[PDB]
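**Q** My questions all concern the structure below.
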Amino acid sequence: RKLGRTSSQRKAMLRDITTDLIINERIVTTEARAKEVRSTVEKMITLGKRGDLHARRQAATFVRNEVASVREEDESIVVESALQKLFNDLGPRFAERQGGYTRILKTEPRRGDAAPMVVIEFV
Amino acid sequence: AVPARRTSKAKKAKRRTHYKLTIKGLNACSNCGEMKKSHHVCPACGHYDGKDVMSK
Amino acid sequence: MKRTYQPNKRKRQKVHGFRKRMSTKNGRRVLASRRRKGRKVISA
Amino acid sequence: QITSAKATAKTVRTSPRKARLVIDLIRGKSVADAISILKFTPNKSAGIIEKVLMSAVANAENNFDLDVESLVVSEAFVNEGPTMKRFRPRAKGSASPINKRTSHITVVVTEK
RNA sequence: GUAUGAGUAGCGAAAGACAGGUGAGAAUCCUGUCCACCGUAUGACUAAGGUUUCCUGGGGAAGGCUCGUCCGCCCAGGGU
RNA sequence: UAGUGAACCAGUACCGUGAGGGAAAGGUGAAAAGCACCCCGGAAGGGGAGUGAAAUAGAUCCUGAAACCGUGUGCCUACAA
RNA sequence: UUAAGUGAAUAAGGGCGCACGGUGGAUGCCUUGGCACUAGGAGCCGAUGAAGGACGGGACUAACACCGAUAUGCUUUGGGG
Ligand SMILES: [Zn+2]
């Protein structure tokens with residue numbers, strides 16, 4: 001286990017960060033945030049393969065409720081809502097890929113408070 | 001309690017022997033030979049053995 | 001907590017105002033004694 | 001010609017304790033070692049001593065010498081600049097002295 | 001005027017995260033999203049009190065218990 | 001630090017509602033002739049080139065002692081109260 | 001080659017000396033200012049509005065100084081060039 005803050009604030013933080021790596025797939029943060037988001041997204045990709053009504057109804061916990069990502073239409077506004085993006089991409093990106101879906105980099109310390117920094121991307 | 005005297009001129013240095021600054025783990029690039037950190041992205045090259053890592 | 005030096009505009013002009021060091025003969029000591037010091041601010 | 005250009009930094013708004021640490025790690029090394037070590041520091045001296053060395057290199061070029069890559073930082077200094085004195089209210093109504101300091105910093109660059 | 005203790009104590013109650021901007025440089029500046037705290041009150045109006053801090057446009061040595069491209073700070077104009 | 005408190009825009013700034021308490025702070029050069037232009041850096045700060053008899057006389061500016069803090073070197077030091 | 005013995009030097013740091021730098025203005029020297037007096041002048045101003053001030057008067061206006069809607073000044077007589 002790891003500790004950064006109080007009890008419920010960790011669940012707050014991990015709902016906060018991890019809607020990116022659903023939208024951007026690039027995040028610039030520190031050591032410990034990177035390793036916790038490793039474990040959580042290593043979980044929450046695998047529940048994007050099933051498509052069960054348990055998968056729709058456990059994705060509504062570690063994903064913020066309605067987060068838009070709209071760059072598409074035909075004549076519409078189609079809202080890839082960061083859970084439909086799960087169940088329409090991440091299964092059909094990781095159809096045969098086994099565990100270990102992400103990569104962590106080691107770039108730089110921080111100008112302000114000496115925070116060593118990390119890029120996270122998937123593939 | 002209270003410092004009984006001033007610390008004499010010897011003990012300033014004799015404390016501060018173990019107050020050094022150290023920088024370690026610096027190695028040449030795979031692309032420009034600049035002495036950069038092991039296990040770290042080059043800020044100028046941006047490579048892990050021939051990869052356009054910091055690139056769009 | 002209450003503390004002391006509290007402001008008004010009537011009180012600090014009808015205690016330390018100009019008239020109420022003219023209406024007696026112990027502010028007239030204070031007037032000439034300050035004019036024999038060179039200090040500008042006489043009173044309010 | 002003559003070798004050994006110099007350049008001085010004046011009124012550097014830090015201490016000498018936090019600067020003499022850094023110039024433990026320069027004296028005895030070349031220019032290519034110098035900027036390499038100074039790029040990877042988590043300190044305030046990074047913005048300072050780098051520009052001091054860059055001015056030392058430009059004074060070695062534009063005025064005196066050639067052979068930029070064969071230059072050695074021979075000596076350097078951090079010296080105690082004029083202080084600045086302000087106060088802070090400590091508790092129970094009384095005062096307490098708290099310094100602010102500066103420094104004067106020079107770096108000597110010989111050829112070899 | 002200068003040390004000493006000593007880069008020790010402390011940095012004066014409280015949840016933030018990402019992306020994108022201008023810029024020499026950003027955890028602190030701006031913009032966008034989500035989350036959170038109070039709600040007979042951290043919401044609204046006024047009488048004293050304060051005496052221009054208000055607005056517009058720039059700067060970063062000082063001030064700001066960190067930085068600071070920002071300010072109730074400074075410079076110049078303009079408002080009752 | 002003498003000499004009025006006060007040689008300087010002082011009974012002022014500043015403390016006290018009050019009556020009243022009241023400070024430190026003179027000196028470039030003989031003449032600003034107060035460093036055009038080049039270069040680093042956002043700047044400050046600097047290095048050349050110039051002024052000037054002299055700049056370690058560069059506007060915190062005449063000579064510049066102590067305490068304090070740096071640099072490098074001749075000799076000594078890990079069985080010692 | 002064995003065996004018994006004798007054993008020098010290298011410093012993370014430090015001491016003593018020399019030499020060079022910074023932060024500080026003690027002292028050298030100087031005065032535009034003070035202190036005590038000499039010798040004379042002079043020893044009141046004021047309902048014909050005083051002693052003191054408030055406010056304002058310049059091309060540029062924050063202060064000092066001079067002045068007062070005739071306002072950084074009006075008129076006359078002598079010195080002056
Ligand atoms: Zn490289």
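To be explicit about the labels: the chains of the structure tokens are called A, B, and onward in the order shown, and within each one the residues are counted from 1, while ligands get numbers from 1 in the order they are shown.
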Find the residues near ligand 1. Use a cut-off of 8 Å, count only C-alpha atoms (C1' of nucleotides) and all ligand atoms, and write them as a JSON list (two decimals) with C-alpha atoms, in the first residue's frame.
**A**
[["chain", "number", "residue", "atom", "x", "y", "z"],
["B", 28, "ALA", "CA", 26.73, 10.24, -22.57],
["B", 29, "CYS", "CA", 23.75, 10.22, -24.91],
["B", 30, "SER", "CA", 23.14, 7.66, -27.60],
["B", 31, "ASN", "CA", 22.82, 10.56, -30.04],
["B", 32, "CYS", "CA", 24.84, 13.57, -28.86],
["B", 33, "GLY", "CA", 27.25, 12.33, -26.18],
["B", 34, "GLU", "CA", 26.00, 14.77, -23.54],
["B", 36, "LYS", "CA", 23.06, 12.87, -18.93],
["B", 41, "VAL", "CA", 15.07, 10.91, -20.88],
["B", 42, "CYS", "CA", 17.55, 13.21, -22.57],
["B", 43, "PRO", "CA", 16.22, 16.79, -22.41],
["B", 44, "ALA", "CA", 17.89, 17.69, -25.72],
["B", 45, "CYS", "CA", 17.88, 14.37, -27.56],
["B", 46, "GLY", "CA", 14.71, 12.81, -26.16],
["B", 47, "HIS", "CA", 15.58, 9.18, -26.77],
["B", 48, "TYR", "CA", 15.71, 5.74, -25.22]]
**Q** Once DSSP has gone over the backbone, tell me which residues of chain C are in alpha helix (DSSP H), as a PyMOL selection string.
**A** chain C and resi 28-35
**Q** Those same residues - N, CA and C atoms - I'd like them written as an mmCIF file, in the first residue's frame.
**A**
data_model
loop_
_atom_site.group_PDB
_atom_site.id
_atom_site.type_symbol
_atom_site.label_atom_id
_atom_site.label_comp_id
_atom_site.auth_asym_id
_atom_site.auth_seq_id
_atom_site.Cartn_x
_atom_site.Cartn_y
_atom_site.Cartn_z
ATOM 1 N N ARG C 28 -3.633 77.567 27.284
ATOM 2 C CA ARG C 28 -2.809 78.677 26.832
ATOM 3 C C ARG C 28 -1.363 78.517 27.259
ATOM 4 N N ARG C 29 -1.116 77.800 28.353
ATOM 5 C CA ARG C 29 0.240 77.350 28.622
ATOM 6 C C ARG C 29 0.711 76.407 27.533
ATOM 7 N N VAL C 30 -0.172 75.506 27.103
ATOM 8 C CA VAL C 30 0.230 74.443 26.192
ATOM 9 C C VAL C 30 0.493 75.009 24.804
ATOM 10 N N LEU C 31 -0.290 76.019 24.407
ATOM 11 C CA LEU C 31 -0.118 76.667 23.111
ATOM 12 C C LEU C 31 1.242 77.333 22.999
ATOM 13 N N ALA C 32 1.563 78.204 23.951
ATOM 14 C CA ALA C 32 2.841 78.893 23.902
ATOM 15 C C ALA C 32 4.000 77.948 24.176
ATOM 16 N N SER C 33 3.776 76.901 24.971
ATOM 17 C CA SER C 33 4.856 75.967 25.253
ATOM 18 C C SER C 33 5.152 75.083 24.055
ATOM 19 N N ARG C 34 4.175 74.873 23.174
ATOM 20 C CA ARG C 34 4.475 74.130 21.957
ATOM 21 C C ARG C 34 5.005 75.046 20.859
ATOM 22 N N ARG C 35 4.515 76.289 20.790
ATOM 23 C CA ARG C 35 5.064 77.268 19.861
ATOM 24 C C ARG C 35 6.488 77.657 20.206
#
**Q** Can you list, as a PyMOL selection string, all residues belonging to chain B that DSSP tags as strand (DSSP E)?
**A** chain B and resi 26-27+36-37
**Q** With N, CA and C atoms retained, write the just-selected residues as an mmCIF file, in the first residue's frame.
**A**
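Saved to result07.cif:
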data_model
loop_
_atom_site.group_PDB
_atom_site.id
_atom_site.type_symbol
_atom_site.label_atom_id
_atom_site.label_comp_id
_atom_site.auth_asym_id
_atom_site.auth_seq_id
_atom_site.Cartn_x
_atom_site.Cartn_y
_atom_site.Cartn_z
ATOM 1 N N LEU B 26 25.940 10.133 -14.337
ATOM 2 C CA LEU B 26 25.868 10.943 -15.545
ATOM 3 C C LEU B 26 26.564 10.210 -16.679
ATOM 4 N N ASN B 27 25.891 10.098 -17.821
ATOM 5 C CA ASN B 27 26.396 9.297 -18.924
ATOM 6 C C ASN B 27 26.073 9.962 -20.250
ATOM 7 N N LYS B 36 24.380 12.797 -19.527
ATOM 8 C CA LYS B 36 23.057 12.866 -18.934
ATOM 9 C C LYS B 36 22.810 11.673 -18.030
ATOM 10 N N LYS B 37 21.691 11.725 -17.318
ATOM 11 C CA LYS B 37 21.443 10.742 -16.276
ATOM 12 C C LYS B 37 21.047 9.393 -16.852
#
**Q** Have a look at CA of residue 50 (chain A) and CA of residue 99 (chain A) and let me know their distance in Å, one decimal.
**A**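 If I compute the distance from CA of residue 50 (chain A) to CA of residue 99 (chain A), I get 14.9 Å.
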**Q** Per residue of chain F within 9 Å of region 8-24 of chain G, what are the shortest atom pair and its distance in Å to one decimal, counting only C-alpha atoms (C1' of nucleotides), with rows by chain and residue number, as a Markdown table?
**A**
| residue | atom | partner | partner_atom | distance |
| --- | --- | --- | --- | --- |
| F:68 | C1' | G:23 | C1' | 8.0 |
| F:69 | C1' | G:22 | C1' | 8.1 |
| F:70 | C1' | G:22 | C1' | 7.7 |
| F:71 | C1' | G:20 | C1' | 7.7 |
| F:72 | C1' | G:19 | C1' | 8.6 |
| F:73 | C1' | G:18 | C1' | 8.2 |
| F:74 | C1' | G:17 | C1' | 7.9 |
| F:75 | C1' | G:16 | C1' | 8.4 |
| F:76 | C1' | G:15 | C1' | 7.8 |
| F:77 | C1' | G:15 | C1' | 7.9 |
**Q** Which residue out of F:79, F:53, F:20, F:58 has the minimum interatomic distance to residue 35 (chain F) when only C-alpha atoms (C1' of nucleotides) are used?
**A** F:58
**Q** Show which residues sit within 6 Å of residue 119 (chain A), as a PyMOL selection string. Count only C-alpha atoms (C1' of nucleotides), and ignore same-chain residues fewer than 5 positions away.
**A** chain A and resi 27-28+104-105
